[PDB]
Amino acid sequence: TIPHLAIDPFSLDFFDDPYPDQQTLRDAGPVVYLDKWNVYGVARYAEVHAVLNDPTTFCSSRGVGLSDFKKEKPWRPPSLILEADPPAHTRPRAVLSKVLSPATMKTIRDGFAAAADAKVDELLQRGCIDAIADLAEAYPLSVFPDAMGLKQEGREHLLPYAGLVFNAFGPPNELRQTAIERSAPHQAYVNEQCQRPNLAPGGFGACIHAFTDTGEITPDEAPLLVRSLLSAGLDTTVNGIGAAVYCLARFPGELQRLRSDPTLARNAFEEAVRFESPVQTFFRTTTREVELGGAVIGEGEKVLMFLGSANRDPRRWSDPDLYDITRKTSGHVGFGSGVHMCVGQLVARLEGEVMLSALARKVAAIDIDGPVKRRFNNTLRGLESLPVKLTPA
Ligand code: HEM
Ligand SMILES: CC(C)c1ccc(C(=O)O)cc1
Ligand SMILES: [Cl-]
């Protein structure tokens, strides 16, 4: 009853152009079986959303990568939030929610905005730039490590560690095994910075440690929660901002609408997250035999959710393949959905908003003027290089 497909969603062919294969996956049925990796797949919005919103049946504690923690050793100690189920999930989630709250956003907004304005001003002096290295990477590197309260030394390890984390959610292909074999220095750096004495007062890291006396988390849990922000908090935003700039470069009409109303910046970033979905795929593991879209899935089975596909499903979205900065984006799953829905989403949106605001007010045109190069990662979608010419407004 379940169709079997030979599509490898972790192949370079797929990463290069995933959209046709995603339609094939959606149109094959609500649930498919991927023979390449012996996992179930769901690529339609309705089933992805259903799976995300049933954490009892579709759990995270057995890993959200291909590997089943009940069968294999996790490459690093499990995340206390991403790779936990309720009730263990609930208090660490509450702490990170309070750390990355509205009040915190109010304390960092002016600084994030100033840095975004300054970066765009710098880039306009250069005119011809790489929108990845010089903007999508450079801007979050100029604000997030500082907001964490990291020392200056060693920050070159942050993006490699993130690449490793997102590759490690994948199957044991070359991308994954190469990342892990090179991992030791990046892990050593990240783990050390997670300790209380290495995190500057007033930062996100110190704030997590400060919550260790409320009864929500203990002191021994705090380093792993800092590790969650150092895993998830930088490379995601790099690919989100890169997505938005790439979208504005490819859809000049939308850049012109954004210029005419810079208060569209937050939605323009949100629509970039829907349209490119920086985080493409994640797994769950079934805790029982379950019926999903008329198909029966056995206990202890890995289920691959195609978030990018769900965000392009014409069953849910009108003109899904258009970038539309006045689209009603609510309901997209680019930040997940349900109890694990991105706890850093206010930081992500703040970065994206103030950068797109700066572009809207300072830039008249973004023209690609060189070869675009894609970055291949088992979980992350984005570019390696995006040469553009920026015309000042
Ligand atoms: C555009 C940028 C981002 C995207 C697309 C993104 C995407 C996601 C998604 C899809 C999930 C759900 C995972 C799941 O259901 O298993 C998630 C969770 C999470 N994200 Fe984000 N994220 C972004 C930025 C950030 C930032 C900036 C931070 C931290 C400062 C962050 C920290 C986390 C953490 C800690 C979780 C786990 C939450 C939980 O399990 O309850 N993310 N993110
Ligand atoms: C979903 C993605 C952004 C993510 C990656 C790692 C962690 C963690 O290490 O807890 C959390 C979320
Ligand atoms: Cl680690």
Side-chain angles (χ1 to χ4, degrees), residues 48-49 51-53 55 58-61 63-65 74-86 88-97 99-100 104-105 108 136 140 143-145 147-148 157 161-162 164-169 180 183-194 204-205 208 223-244 269-270 272-274 276-284 305 307-308 310-311 332-353 379-382:
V48 171
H49 187 272
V51 170
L52 290 164
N53 278 283
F58 298 97
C59 79
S60 295
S61 63
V64 297
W75 72 275
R76 59 174 188 168
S79 172
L80 304 178
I81 184 177
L82 183 73
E83 288 159 342
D85 301 321
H89 168 256
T90 304
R91 290 171 188 149
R93 169 76 186 201
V95 173
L96 290 187
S97 181
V99 171
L100 305 177
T104 302
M105 297 311 102
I108 63 179
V143 291
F144 186 73
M148 286 298 309
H157 290 287
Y161 185 80
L164 158 69
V165 170
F166 284 95
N167 273 322
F169 294 129
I180 283 163
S183 61
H186 311 313
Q187 299 192 52
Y189 163 79
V190 164
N191 285 334
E192 186 55 30
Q193 302 328 301
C194 288
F204 296 155
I208 295 168
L224 274 206
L225 289 174
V226 175
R227 190 195 75 176
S228 287
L229 301 194
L230 296 180
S231 299
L234 183 69
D235 207 14
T236 51
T237 66
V238 171
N239 288 289
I241 291 170
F269 178 72
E270 199 75 9
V273 175
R274 181 197 69 86
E276 288 297 337
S277 302
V279 179
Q280 289 271 293
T281 54
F282 267 124
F283 296 86
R284 298 293 192 253
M305 299 171 297
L307 299 186
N311 283 338
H332 81 86
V333 291
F335 286 118
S337 181
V339 309
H340 290 274
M341 189 189 186
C342 181
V343 69
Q345 65 187 248
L346 306 188
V347 176
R349 293 185 179 128
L350 174 60
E351 286 185 23
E353 180 199 346
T379 298
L380 289 168
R381 175 164 203 75

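Index from 1, following the sequence. One-based numbering, in listed order, for ligands and for the atoms of each.
Taken from CZ in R76 to CZ in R227, the straight-line distance is 4.0 Å, to the nearest 0.5 Å. In this structure, the separation between CE on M305 and CZ on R284 is 4.0 Å, given to the nearest 0.5 Å. With values rounded to the nearest 0.5 angstrom, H89 atom NE2 is found 12.5 Å from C59 atom SG. To the nearest 0.5 angstrom, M148 atom CE is 4.5 Å from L229 atom CG. The line from CG of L80 to CZ of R91 is 13.0 Å long, rounded to the nearest 0.5 Å. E83 CD to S228 OG: the interatomic distance, rounded to the nearest 0.5 Å, is 8.5 Å.
Interface atoms of ligand 1 facing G334, defined by a heavy-atom separation under 4.0 Å, are 5 (C), 7 (C), 10 (C). Atoms of ligand 2 found under 4.0 Å from any heavy atom of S231 (numbered from 1 in listed order, with element): 6 (C), 9 (O). Residue contact check: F166 has heavy atoms under 4.0 Å from atoms 2 (C), 3 (C) of ligand 2. Within ligand 1, the atoms closer than 4.0 Å to a non-hydrogen atom of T236 are 1 (C), 2 (C), 3 (C), 23 (C), 24 (C), 25 (C), numbered from 1 in the order shown. Shown in contact with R76 at under 4.0 Å from a heavy atom are these atoms of ligand 2, numbered in order with element: 8 (C), 9 (O). Numbered from 1 in the order shown, with element, the atoms of ligand 1 that lie under 4.0 Å from a heavy atom of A232 read 25 (C), 26 (C), 28 (C), 31 (C), 32 (C), 33 (C), 42 (N). Every atom of ligand 2 is numbered from 1 in the order shown, and the set under 4.0 Å from a heavy atom of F282 is 1 (C), 2 (C). Ligand 1 places these atoms under 4.0 Å from at least one heavy atom of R93: 38 (C), 39 (C), 41 (O). Numbered from 1 in the order shown, with element, the atoms of ligand 1 that lie under 4.0 Å from a heavy atom of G336 read 10 (C). Listed by number with element, the atoms of ligand 1 under 4.0 angstrom from any heavy atom of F144 are 30 (C).
Nearest protein heavy-atom neighbour of atom 13 (C) of ligand 1: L82 CD1, 3.7 Å. Distance from atom 12 (C) of ligand 2 to its nearest protein heavy atom, with residue and atom name: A232 CB, 3.6 Å. Given atom 11 (C) of ligand 1, the protein heavy atom at minimum distance is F335 O, 3.7 Å. For atom 29 (C) of ligand 1, the nearest protein heavy atom (residue, atom name, distance) is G233 CA, 3.6 Å. For atom 16 (O) of ligand 1, the nearest protein heavy atom (residue, atom name, distance) is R284 NH1, 2.9 Å. Remark: minimum distance from atom 34 (C) of ligand 1 to any protein heavy atom is reached at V343 CG1, 3.6 Å. When hydrogens are left out, the protein atom nearest atom 8 (C) of ligand 1 is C342 CB, 3.9 Å; that is the closest non-hydrogen contact.
Remark: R381 CZ is packed, more than 12 non-hydrogen atoms of other residues, nucleotides or ligands lying under 6.0 Å away.
Contact check for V99 versus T104: no side-chain heavy atoms found under the 4.5 Å cut-off. Two residues are said to be in side-chain contact when any heavy atoms from C-beta on lie closer than 4.5 Å; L52 and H49 fail this criterion.
Of all the heavy atoms of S228, the ones lying under 4.0 Å from any atom of ligand 2 are found in both the backbone and the side chain. Using a 4.0 Å cut-off between heavy atoms, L80 makes no contact with ligand 2 at all. When heavy-atom distances to ligand 2 are checked against a 4.0 Å cut-off, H340 has no atom that comes that close, whether in backbone or side chain.
Considering only non-hydrogen atoms, atom 38 (C) of ligand 1 lies nearest to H340 out of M341, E276, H340, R227. Considering only non-hydrogen atoms, atom 6 (C) of ligand 2 lies nearest to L82 out of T237, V64, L82, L229.
Between the side chain of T236 and the backbone N or O of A232, at least one donor-acceptor pair lies under 3.5 Å. One N or O on the side chain of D85 and one on the backbone of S61 form a donor-acceptor pair closer than 3.5 Å. Judged purely by atom type and a 3.5 angstrom limit, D235 has no side-chain atom pairing as donor or acceptor with the backbone of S231. Using a distance-only test at 3.5 Å, with no hydrogens or angles considered, a donor-acceptor pair links the side chain of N311 to the main chain of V333.
The closest approach between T236 and ligand 2 falls below 4.0 Å for a heavy atom of the residue. The closest approach between any non-hydrogen atom of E351 and ligand 1 is not below 4.0 Å.
Ring centroids of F169 and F283 are separated by 6.0 Å or more, keeping the two rings apart.
Taking only nitrogen or oxygen atoms, main chain and side chain alike, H89 reaches within less than 3.5 Å of ligand 1. Checking only distances, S79 does come within under 3.5 Å of ligand 2, N or O to N or O. The shortest N/O to N/O separation between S60 and ligand 1 does not fall below 3.5 Å.
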Would you please test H332 and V273 for side chain to side chain contact (heavy atoms under 4.5 Å, CB included) and show each step?
CA-CA 9 Å; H332 81 86; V273 175; 3.8 Å; yes
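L230 and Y161 make their closest contact through O-CD2, 4.2 Å (heavy atoms, listed as atom of the first residue, atom of the second, distance).
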